[PDB]
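The structure under discussion appears below in the form of structure tokens.
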Amino acid sequence: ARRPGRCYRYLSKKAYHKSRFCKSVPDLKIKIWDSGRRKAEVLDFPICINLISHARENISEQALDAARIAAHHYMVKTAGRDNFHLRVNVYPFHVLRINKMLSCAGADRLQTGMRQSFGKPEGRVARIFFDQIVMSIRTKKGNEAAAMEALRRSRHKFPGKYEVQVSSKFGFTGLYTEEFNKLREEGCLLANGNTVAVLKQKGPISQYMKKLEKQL
Amino acid sequence: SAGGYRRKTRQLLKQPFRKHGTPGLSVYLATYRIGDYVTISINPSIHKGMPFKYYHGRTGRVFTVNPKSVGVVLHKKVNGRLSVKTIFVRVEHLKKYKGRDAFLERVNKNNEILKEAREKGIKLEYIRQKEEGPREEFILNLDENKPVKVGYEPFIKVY
Amino acid sequence: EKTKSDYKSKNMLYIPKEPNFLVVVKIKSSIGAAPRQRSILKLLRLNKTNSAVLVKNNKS
Amino acid sequence: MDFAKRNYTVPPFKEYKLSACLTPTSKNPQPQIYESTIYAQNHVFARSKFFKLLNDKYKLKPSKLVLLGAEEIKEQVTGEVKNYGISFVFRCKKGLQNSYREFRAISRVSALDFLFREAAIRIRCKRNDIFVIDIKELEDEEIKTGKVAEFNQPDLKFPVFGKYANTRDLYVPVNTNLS
Amino acid sequence: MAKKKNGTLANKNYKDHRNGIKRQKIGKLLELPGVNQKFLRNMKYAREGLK
RNA sequence: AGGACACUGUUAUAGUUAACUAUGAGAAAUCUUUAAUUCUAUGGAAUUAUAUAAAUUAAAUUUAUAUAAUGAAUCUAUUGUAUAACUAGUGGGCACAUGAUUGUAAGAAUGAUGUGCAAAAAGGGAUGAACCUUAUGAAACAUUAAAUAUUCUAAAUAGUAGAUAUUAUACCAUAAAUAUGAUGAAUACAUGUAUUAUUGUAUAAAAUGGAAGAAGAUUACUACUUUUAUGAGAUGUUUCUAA
Ligand SMILES: [Mg+2]
Ligand SMILES: [Mg+2]
Ligand SMILES: [Mg+2]
Ligand SMILES: [Mg+2]
Ligand SMILES: [Mg+2]
Ligand SMILES: [Mg+2]
Ligand SMILES: [Mg+2]
Ligand SMILES: [Mg+2]
């Protein structure tokens, strides 16, 4: 069976990835990182809510799956299947090891104790430092109260201390709301599918007019 | 990483970025005489005449000049003491040690001051390097300089 | 004070020179010390506790 | 300090007016001068606090600076009690915070020390961790706290509960009144 | 053995600086071993005709 | 170390006409880059005149060697420095502070820099090889450090305020996720609802009769300042013994 979570909780100094030096690695359990209506454009969901961390820890790969189903099942029940976009940020890269002391030993090719004690791989975790975002939702102006509750249920699946709060950016772009409104007044904004792109004065002049019909 | 002649050289014997290729003609035109000062820098493009990796970047003196080698004397730190080493290298691994040029100019100029004071009866006023002592005095003007008030300021979160 | 007052009438400041020397006092005993801080205490003649010397102040 | 057991009228902290500039060089002779007021115990402690403030607003290292002149400010006290409001920033375990308090004292040197006594219980931090922005004398109709507004009203009378002995002796006979 | 300690490098620096560190003096030049033999024969002939 | 996704290895999803544009995650055996630190070398000899060669050049033309003369040039410390001859013990080590590798973890195993115990006195941590002050012959008098001042026990129950829980140890002799109270504390909103800071209780279970060192303490507990005093081969003053 799987070991308790207190055996793998604190960070080592060096990472240990899957590469040609470490080949035999088992597979993953989590498969869906983005849930909800992810096809909606920039102007549909203008309010983003984050979950910011407060600890230096290892979060297991199996725990990230159960935390996503908890936040997704609640927002369906209240907001609907087409009123939010949910995503997870991190990806598990680190690999753990087990020494695995057995019963039958004291013979050829089965030694005891600390002789030849390099570990064999078991599973994967993600490495999380201080002040890092783990999950996020974007919604409309109505469901601001619901997503502070749905992100609360996901917090009790992780070890440590975490805090949910309201961000001040406009959706899933890296733009503040104050910076967003001045650019849309001038018209130096471009309409890409998921987020925006900023138009500048760097290229040749003939290509600037070619970019201008994809304004908004 | 066993004990060989060229062990543990991955970033010491790598040629830098955008600078590959055989060296130029300004290396070969230089000359060396007995009693100079020479630093050692390995160019990792020729394989005849490379010294050991320990001597990369240490300065010595030139005592012999051969048809294909130059002789350099150094100092190594063997367990208790400081010993004496000699090595023979090629011309494409050296560099003229600067740092005596400001000194040798001071020798030539002080030798001129001694010559002009022979015709007079005065004492010599030599050139030696300056000293730094306590902070000297200075004079500020308050006609165009106005003081700026500085104080604390309340804290504001980044978001 | 006379050179300070004569520059006061023309709105000049005249910050004066530094002192020429310092006074160094040893207070804490130096039994277990690092090899560099043991070498500098030898050059100041400060092997005994509660003792004082005089030292010219330079950049070094 | 005749009746009390500590000096509450002249606290250890004082008021110093400071000024400094950079040492002159060849590229830049005659540079800019600055001025401020810091509260400390001597001019050497006030030199260290002021030079750290100049490290943050401008990129001026304190090793290149030179101290111009520092003098102390004293106030001719009359003895009337006044109202004061102090705004400051304190450092705690989690981060920095900023607050506001209102006090009642004789002078602004004395009104600062009433803040250190209150901060010893509510905040529990060393005295070097509070950074004082400004002290101002408050007139009427700016008092935002009922504690100052309760004592400002005239003709106050209230008695005192007596609990202190009037003899510094080991034993007295029974029925002697310690009034 | 008892699988004892293999070996350390502690106080190698302390044992060195007990009597200081002596610097072996390089002598006069053109006397170290390895001078060019063709250069040395002409140096010998130039000194005999001198004195 | 920090930095970056431009080369090598890796990863989630949306767009435009396989190619370009975005928002996200990364590296013991990746690098367009790149500090603090660690280390090497110079801070006195050079120029002029004359001569020698069997080297060297198209060549008095260079490379070298002599003899004569012309000199004290960065701050601090050190009255000695340098050289030989002869000979013993030891080659099972451990601990603290900083930073690492294997291991679920260990008073576990193995490396790196500094200082100790071993082989080191007195005073303090109730008691302890390694923690904190601290250099050494026999004594007397005054001043402090480390640590303490209800009583055992030398030395002021000398001040502002809070804590209701049989509260109170630098190394040091354990407590968590989580759930809720209280301030004449602060900010936003409508006397109250939201956050932030400080703080109390629950969570909290063992083998003979028990350990804040103990009696006992709610002004002998906790938080923050200024004075006074006690207290070490330490440090001062005087007498005496050792090449
Ligand atoms: Mg070959
Ligand atoms: Mg022994
Ligand atoms: Mg002892
Ligand atoms: Mg104890
Ligand atoms: Mg007593
Ligand atoms: Mg005393
Ligand atoms: Mg003594
Ligand atoms: Mg004594």
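Just remember, in the structure tokens the first chain shown is A, the second B, etc., residues are 1-based per chain, and ligands are 1-based in the order shown.
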- Enumerate residues in contact with ligand 8: an atom-to-atom distance of at most 9 Å, counting only C-alpha atoms (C1' of nucleotides) and all ligand atoms. Format the result as number ranges by chain. F: 232-235
- Message: What's around residue 139 (chain A) at 12 Å? Count only C-alpha atoms (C1' of nucleotides), leave out sequence neighbours fewer than 4 positions away in its own chain, and write the answer as a PyMOL selection string.
- Response: chain A and resi 36-38+40-50+75+79-86+143-148+166+170-172
- Task: Could you report the residues within 9 Å of ligand 3, using only C-alpha atoms (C1' of nucleotides) and all ligand atoms, as a VMD selection string?
- Result: chain F and resid 121 to 123
- Item | Interface, chain F side, toward chain B (9 Å; only C-alpha atoms (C1' of nucleotides)) as an NGL selection string | :F and (32 or 40-47 or 63 or 73-75)
- Query: Using only C-alpha atoms, which chain C residues lie at most 8 Å away from chain B, written as a PyMOL selection string?
  - Reply: chain C and resi 11-20+57-59
Store the residues picked out above, limited to N, CA and C atoms, as a tab-separated table (two decimals), in the first residue's frame.
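Output (selection.tsv):
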chain	number	residue	atom	x	y	z
C	11	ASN	N	27.68	82.87	2.63
C	11	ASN	CA	26.88	81.64	2.52
C	11	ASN	C	27.72	80.47	2.02
C	12	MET	N	28.81	80.19	2.72
C	12	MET	CA	29.67	79.05	2.44
C	12	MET	C	29.73	78.17	3.68
C	13	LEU	N	30.04	76.89	3.49
C	13	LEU	CA	29.85	75.93	4.58
C	13	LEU	C	31.15	75.66	5.34
C	14	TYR	N	32.22	75.32	4.62
C	14	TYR	CA	33.56	75.03	5.17
C	14	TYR	C	33.53	73.87	6.17
C	15	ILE	N	33.30	72.68	5.63
C	15	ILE	CA	33.44	71.48	6.47
C	15	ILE	C	34.92	71.20	6.69
C	16	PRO	N	35.38	71.03	7.92
C	16	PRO	CA	36.83	70.93	8.17
C	16	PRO	C	37.37	69.53	7.92
C	17	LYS	N	38.64	69.37	8.27
C	17	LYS	CA	39.39	68.14	8.03
C	17	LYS	C	39.09	67.11	9.12
C	18	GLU	N	39.49	65.87	8.86
C	18	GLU	CA	39.34	64.80	9.82
C	18	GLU	C	40.43	64.87	10.90
C	19	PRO	N	40.28	64.13	12.00
C	19	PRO	CA	41.40	63.98	12.93
C	19	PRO	C	42.56	63.22	12.32
C	20	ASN	N	43.71	63.28	12.99
C	20	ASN	CA	44.92	62.71	12.41
C	20	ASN	C	45.18	61.30	12.93
C	57	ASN	N	45.16	57.02	11.03
C	57	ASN	CA	44.06	56.59	10.18
C	57	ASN	C	44.39	56.89	8.72
C	58	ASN	N	44.41	55.83	7.90
C	58	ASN	CA	44.63	55.92	6.47
C	58	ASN	C	43.49	55.21	5.77
C	59	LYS	N	43.65	55.02	4.46
C	59	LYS	CA	42.69	54.20	3.73
C	59	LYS	C	42.87	52.73	4.07
